[PDB]
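One-letter residues, chain by chain:
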Amino acid sequence: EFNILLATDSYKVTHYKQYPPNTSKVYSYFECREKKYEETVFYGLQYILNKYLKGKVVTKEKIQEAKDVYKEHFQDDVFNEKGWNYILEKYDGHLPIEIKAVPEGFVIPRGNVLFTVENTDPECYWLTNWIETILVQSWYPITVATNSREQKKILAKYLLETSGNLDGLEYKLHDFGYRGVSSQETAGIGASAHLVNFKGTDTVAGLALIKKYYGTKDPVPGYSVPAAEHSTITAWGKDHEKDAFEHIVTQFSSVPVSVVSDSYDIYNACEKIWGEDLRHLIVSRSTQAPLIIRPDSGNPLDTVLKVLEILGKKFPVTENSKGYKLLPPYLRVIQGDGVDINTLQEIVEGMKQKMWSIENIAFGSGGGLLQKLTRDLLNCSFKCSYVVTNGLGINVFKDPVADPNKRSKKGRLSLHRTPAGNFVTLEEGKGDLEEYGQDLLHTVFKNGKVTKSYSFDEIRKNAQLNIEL
Amino acid sequence: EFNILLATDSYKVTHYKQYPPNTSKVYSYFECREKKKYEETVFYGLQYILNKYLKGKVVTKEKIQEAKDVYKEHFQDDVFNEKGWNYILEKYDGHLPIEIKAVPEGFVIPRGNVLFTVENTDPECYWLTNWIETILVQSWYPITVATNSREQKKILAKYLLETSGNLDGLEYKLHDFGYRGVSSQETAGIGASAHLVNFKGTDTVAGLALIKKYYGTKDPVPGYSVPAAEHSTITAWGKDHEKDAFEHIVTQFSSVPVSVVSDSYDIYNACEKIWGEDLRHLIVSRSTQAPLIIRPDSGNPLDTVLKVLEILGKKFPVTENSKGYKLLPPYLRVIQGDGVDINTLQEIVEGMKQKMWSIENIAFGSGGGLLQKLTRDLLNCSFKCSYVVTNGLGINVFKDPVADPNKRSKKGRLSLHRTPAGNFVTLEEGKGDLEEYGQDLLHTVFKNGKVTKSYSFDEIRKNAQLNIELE
Ligand SMILES: O=C(NCc1ccc(S(=O)(=O)c2cccc(C(F)(F)F)c2)cc1)c1cnc2n[nH]cc2c1
Ligand SMILES: O=C(NCc1ccc(S(=O)(=O)c2cccc(C(F)(F)F)c2)cc1)c1cnc2n[nH]cc2c1
């Protein structure tokens, strides 16, 4: 079972001994440091607060366990047993910490304070940065949500341009990343972050995360439809690809169905199998139940364009009010190979150049959506800015000579609206001067309790694109 | 509680309706597909997955109903195979009728070889083999962490041996700083455990408990750390009192090794004036078993390491070792823990060698580069069906996409063997049955809900040793 005394970087076990004597306060903050990705979606802290930080997180057993582990890990006794016991005895093991944060779903420019952390008991000065490691993991849902939203912006631009509206936008980028992430827990967190922006997911783990920690009015936040994989095609034998196709589309005759078509020869499959042999089974389908053809190999742009050209000669294509080509409503394409933010952009621009509407296509993204991301992308960072020692408050910061980009903010921080309606972070307690109105951070955690929270429905609202608004 | 019925890709819920009728067996395999460097991979991590997620009673009435309810809304349709899951519950008390055979954990195997196979043991459960693709394929992560970590050990070993004449301290030269930089607590434990296959230094505490619970070691713990500052414990003293912070910290930890980040304001000043003059007397008095380890944390990693060494070499008594390389006094060492991945690690040690500094002088910390900056595409980790039985006839199956030969999959029943020259070969089409190639290196590790063969972390470390270490 999870032990918060074992959920920090090893060296922080030794930090209580290193602060100035008589330090009563350590105040720290998190930002996506400024140096693409000019704004970030703040999402995922609520999960962390609830799963890991709230309530009785310290017990006698947990203290003894950490002591026993650290004795061996350090080959020495450096663990702060006394400090953790104080929390257990004084607060029934509830963390005497206060955290303030911007609302989940908020879209905030880089280099602003997103959350702050401080101890509420002078004895627990060391506690603020003990929990740095767990809190900093919020980088992941923030970065997934942010990158997913940037992709939605691209899709919106091109869908709007080639079709004249945004119908179907929230189903244009589907999460295929379950197998390509590093763990079950990561799958749930990452999938939920993608769902801030879209409604299509195969990463089932995200649904229960959202239900437990955020909630939606709707029964579920994300959806899928039947689809083949290579095994359900290839199992029929190399000479029976047509039979597999026919069986699958007949099994799923009245719901949407996606069929991967590149097991042997994508171009043959589109031109001869779907386009001729089984055409009669496709042109009969409901607009509510298209066949969605899936290529899965080759150059992503070149393959998409060739697949569309093939289908456009076998099926009745129309020209929409914008002058772009549209497959008939019972036939669509999904490209779910090699898709990341860069290749997504190359594909939609390439389709636009060849006069194909973005209405024709959806994208699936796995590793690119959920795994190919690091803390460096948005420079997510947690730093101490204020301490009280001998009763005196001091504004503190790092400012490395060789890299101004790593300079941290000083003193007590607050978030405000500027006269033009943008965000500004005020340093050095200047928020107290009340020249910039009220602090936009809310207390979300205090003394073991979650004090403010957001539904997944409100997070989605906060995260909307300007174009959608 | 974890629900295996909710731990697959959505579309796999619909696959039981798509296989050929009269199919009794689906047999699938996992490989790190050969591309067109990472020419060999460390197989590690399956044992964790088997124990945490696959073994024992994993199906219950409540879990089946839960899945039914979720999928009804997720698909806006009733597609879920309730009958198939009920069958497993009734006939096998909720244990998976699956057999998995795998190469021993720790084994180092060239790309394009079978690492494990999966098949159903009951004809009714043909659909189950690929249901669990999603959870099994996540083994890509500990494989890739272990492999990339080992490739870094090879670079360190080559340069340590060249500049010092031996491998002393190699197992402590790449420390895991990745706890905060990975995507979740679970990922942290798994990734940290995989790094420990190759090294002994970690700050990612989560790895220790995973190893104890799922693998085990003779020693109390698999990994170690030592006291160290962070920017907060320096900056809290105030900009004008960096020296006071340094003095306080090395005095607190005067008898153990201690690392002190030195770039809060001016790394070069800190080394030349603070460590090299003001506080020199507190450094030169230290034990060889308790050095000060100076940590820069910004600037160009190579340029900064070299300049730091340049500065320290002029303030402290440096010797020339028997290989002609410069060596800091035993009480003074350096760790570079910013911007390190396999590429920059290589650039740093080669740069050090060019400037005649022994690799003895330095250690590396890696966080995101070590544990997060990896994907399934690095080693092309992939799970594919190679054999099915339909109407009682076995057929060898595969994909072979016209526009990408690299994605062609293997055919039929597979086995892994030693070649006459002592290398590895995967035999396809059941050809291992001909017995021309000695015994199958795959062992049954899971069968019908039970883990049937396990490895200790000690055995895994042994299997994953570098050739240079063996020699
Ligand atoms: O095809 C897969 N999953 C099913 C699937 C997902 C997404 C689509 S879609 O065309 O975007 C689509 C169409 C209509 C409704 C929805 C809706 F509204 F439901 F979202 C989604 C169609 C089918 C699939 C394929 N390959 C994969 N690799 N790894 C995971 C994978 C998942
Ligand atoms: O300094 C940090 N951790 C403590 C630490 C780790 C590793 C070393 S080391 O020089 O490799 C070393 C020296 C002697 C023994 C060991 C031994 F045998 F114990 F492994 C390790 C010295 C100190 C640290 C620094 N920055 C970080 N960012 N994110 C996580 C971080 C952790």
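For this entry, the PDB record names X-ray crystallography as the structure determination method and reports a resolution of 1.75 Å.

A. View of the overall build of chain A. Secondary structure assignment for chain A yields 16 helices and 18 strands. Overall, chain A is about 85 × 55 × 45 Å in size when its C-alpha atoms are taken along their principal axes. Considering chain A as a whole, with its 469 residues, one finds that 63% of them fall into the buried category. Accessible surface for chain A amounts to roughly 17,100 Å². Of this, 46% is attributable to carbon and sulfur atoms. Positive and negative side-chain charges in chain A, numbering 57 and 60 respectively, have mean positions lying 2 Å apart.

B. Local environment of the pairing of strand β13 (residues 380-389) of chain A. Residues and elements named next belong to chain A. The buried fraction of β13 amounts to 10 of the 10 residues, a majority that puts the element mostly inside the structure. Both strand β1 (residues 23-32) and β13 contribute to a ladder of 9 bridges, which runs antiparallel. Note on β13: the bridge partner recorded for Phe30 is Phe382. Here β13 pairs with strand β14 (residues 392-395) via 4 bridges, running antiparallel. For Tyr386, the partnering residue across the bridge sits in β14 and is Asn395. Joining the antiparallel neighbours β13 and β14 is a turn of 2 residues, in which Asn390 adopts a positive phi near 50°.

C. Structural context of the interface of chain A and chain B. Contact residues are listed per partner, giving 98 residues for chain A and 97 residues for chain B. A buried area of about 8,300 Å², summed over both sides, lies between chain A and chain B, and 57% of it is on carbon and sulfur atoms. At the boundary of chain A with chain B, the tally comes to 8 salt bridges. In this structure, the salt-bridge partner of A:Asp9 is B:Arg180, at a minimum N-O distance of 3.0 Å. Counting across the chain A and chain B interface gives 68 residue pairs in polar contact. Within the side of chain A that touches chain B, the residues separate by chemical class into 46 nonpolar, 30 polar and 22 charged.

D. Here's a closer look at the UniProt feature "binding site: diphosphate" in chain A. The UniProt entry lists A:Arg179, A:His230 and A:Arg294 under the feature "binding site: diphosphate", expressed in the numbering used here. Position of A:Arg179 relative to the elements: it lies in the loop between β6 (173-175) and α7 (184-194). Look at A:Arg179 and you get buried, because its relative accessible area is 14%. Excluding residues within four positions of it along the chain, A:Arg179 makes contact with B:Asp9, B:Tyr11, B:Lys12, B:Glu133, B:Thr134, B:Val137, B:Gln138, B:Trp140 and B:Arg376. A polar contact of 2.9 Å, which involves the side chain of A:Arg179, links it to the side chain of B:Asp9. As for its placement among the helices and strands, A:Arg294 is situated in strand β8 (residues 291-294). Excluding residues that lie within four positions of it along the chain, A:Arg294 makes contacts with A:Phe176, A:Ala228, A:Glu229, A:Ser258, A:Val259, A:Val260, A:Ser261, A:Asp262, A:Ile334 and B:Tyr11.

E. The UniProt feature "binding site: diphosphate" in chain B, seen in detail. The UniProt record marks B:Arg180, B:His231 and B:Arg295 with the feature "binding site: diphosphate", using the residue numbering of this structure. The residue B:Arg180 is located in the loop between β6 (174-176) and α7 (185-195) in this model. The exposure class of B:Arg180 is buried, given its relative accessible area of 14%. In this structure B:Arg180 touches A:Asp9, A:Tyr11, A:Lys12, A:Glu132, A:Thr133, A:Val136, A:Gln137, A:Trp139 and A:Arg375, once residues within four positions along its chain are discounted. Engagement of the side chain of B:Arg180 in a polar contact is seen with the side chain of A:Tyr11, the distance being 3.0 Å. Note that B:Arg295 resides in strand β8 (residues 292-295). When near neighbours in sequence (up to four residues on either side) are disregarded, B:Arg295 contacts B:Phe177, B:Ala229, B:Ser259, B:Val260, B:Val261, B:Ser262, B:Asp263 and B:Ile335.

F. Spotlight on the domain arrangement of chain A. Residues and elements named next belong to chain A. Examined at the domain level, chain A breaks down into domain 1 (1-136 + 375-453) and domain 2 (137-374 + 454-469). The interface is formed by 36 residues belonging to domain 1 together with 29 residues belonging to domain 2. Where domain 1 abuts domain 2, roughly 2,800 Å² becomes buried across the two surfaces, and 59% of that area is made up of carbon and sulfur atoms. Together, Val41, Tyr43 and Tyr47 form the three largest contributors to the area buried by domain 1 at its contact with domain 2, with a combined 29%. In this structure, the connection of domain 1 to domain 2 is made through 2 salt bridges. The partner of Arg149 in a salt bridge is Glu39, and the shortest N-O contact between them spans 2.9 Å. Summed over the shared surface of domain 1 and domain 2, the result is 22 residue pairs in polar contact. The leading source of residues in the side of domain 1 that touches domain 2 is helix α1 (residues 45-53), at 7 residues. A breakdown of the residues in the side of domain 1 that touches domain 2 according to their chemical character gives 21 nonpolar, 8 polar and 7 charged.

G. Highlighting the domain arrangement of chain B. Residues and elements named next belong to chain B. When its domains are assigned, chain B resolves into domain 1 (1-137 + 376-454) and domain 2 (138-375 + 455-471). Centre-to-centre separation of domain 1 and domain 2, based on C-alpha positions: 39 Å. Listed as interface residues are 35 residues of domain 1 and, on the opposing side, 30 residues of domain 2. For the pairing of domain 1 and domain 2, the buried interface totals around 2,700 Å² over both sides, and the portion due to carbon and sulfur atoms is 59%. In terms of surface lost to domain 2, no three residues of domain 1 exceed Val42, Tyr44 and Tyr48, which account for 29% of the buried area on that side. Measuring nitrogen to oxygen at the nearest pair gives 3.0 Å for the salt bridge that ties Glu40 to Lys154. Seen at the junction of domain 1 and domain 2, the total is 20 residue pairs in polar contact. Within the residue set of the side of domain 1 that touches domain 2, elements represented by two or more residues are β1 (23-32), β2 (40-42), α1 (46-54), β5 (114-120) and α5 (133-137). Per-element accounting of the side of domain 1 that touches domain 2 gives the leading share, 7 residues, to α1.

H. Region of interest: helix α11 (residues 267-278) of chain B. All names here are of chain B. Of all the positions in α11, only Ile267, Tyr268, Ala270, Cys271, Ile274, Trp275 and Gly276 are classed as buried. Those residues of α11 that are buried lie in contact with α10 (242-252), β7 (258-261), α12 (280-283), β8 and α13 (301-315). By the N-cap criterion, in which a side-chain oxygen at the helix start approaches the backbone nitrogen of a residue two or three places on, α11 is capped by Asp266, the distance to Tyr268 being 3.0 Å.

I. Local environment of the sheet that holds strand β7 (residues 257-260) of chain A. All names here are of chain A. Taking strand neighbours across the sheet as the criterion, the 5 strands line up as β6-β12-β11-β8-β7 in an open arrangement whose pairing is parallel. Looking at the sheet topology across the chains shown, the edges are occupied by β6 and β7. In this sheet, adjacent strand axes meet at a mean angle of 30° when their direction is disregarded. Summarising the sheet, β6 and strand β12 (residues 361-365) pair through 3 bridges and their orientation is parallel. What sits directly across from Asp175, in β12, is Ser365. Sheet contacts for helix α13 (residues 300-314): β8, β11 (331-335) and β12; angle to β11, the most-contacted strand, approximately 170°.

Criteria and cut-off values
- Residues numbered from 1 in each chain as written, not as in the entry; some residues may be left out.
- Chains lettered and ligands numbered in written order.
- Heavy atoms only, no water.
- Residues with missing side-chain atoms left out of burial classes, pairs and counts.
- Helix = DSSP H or I, 4+ residues; strand = E, 2+ residues; numbered from the N terminus.
- Buried < 20%, exposed > 50% of the residue type's maximum accessible area, 1.4 Å probe, protein only.
- Areas by Shrake-Rupley, 256 points an atom, 1.4 Å probe, with all protein chains shown as cover.
- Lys, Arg positive; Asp, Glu negative; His and termini not counted.
- Charge placed at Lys NZ, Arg CZ, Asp CG, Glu CD.
- Pairing = 2+ DSSP bridges.
- Contact = heavy atoms within 4.5 Å.
- Buried area = accessible area lost by both parts, 1.4 Å probe.
- Salt bridge = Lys/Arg side-chain N within 4 Å of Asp/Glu carboxyl O.
- Polar contact = N/O pair within 3.5 Å; in protein donor to acceptor, adjacent residues only side chain to side chain.
- Nonpolar A, V, L, I, M, F, W, Y, C, P; charged D, E, K, R; others polar.
- UniProt positions renumbered as here; feature names shortened; annotations may be inferred.
- Domains from an automatic or database assignment.
- Axes fitted to C-alpha atoms, helices over the stretch in contact; angles between N-to-C directions.

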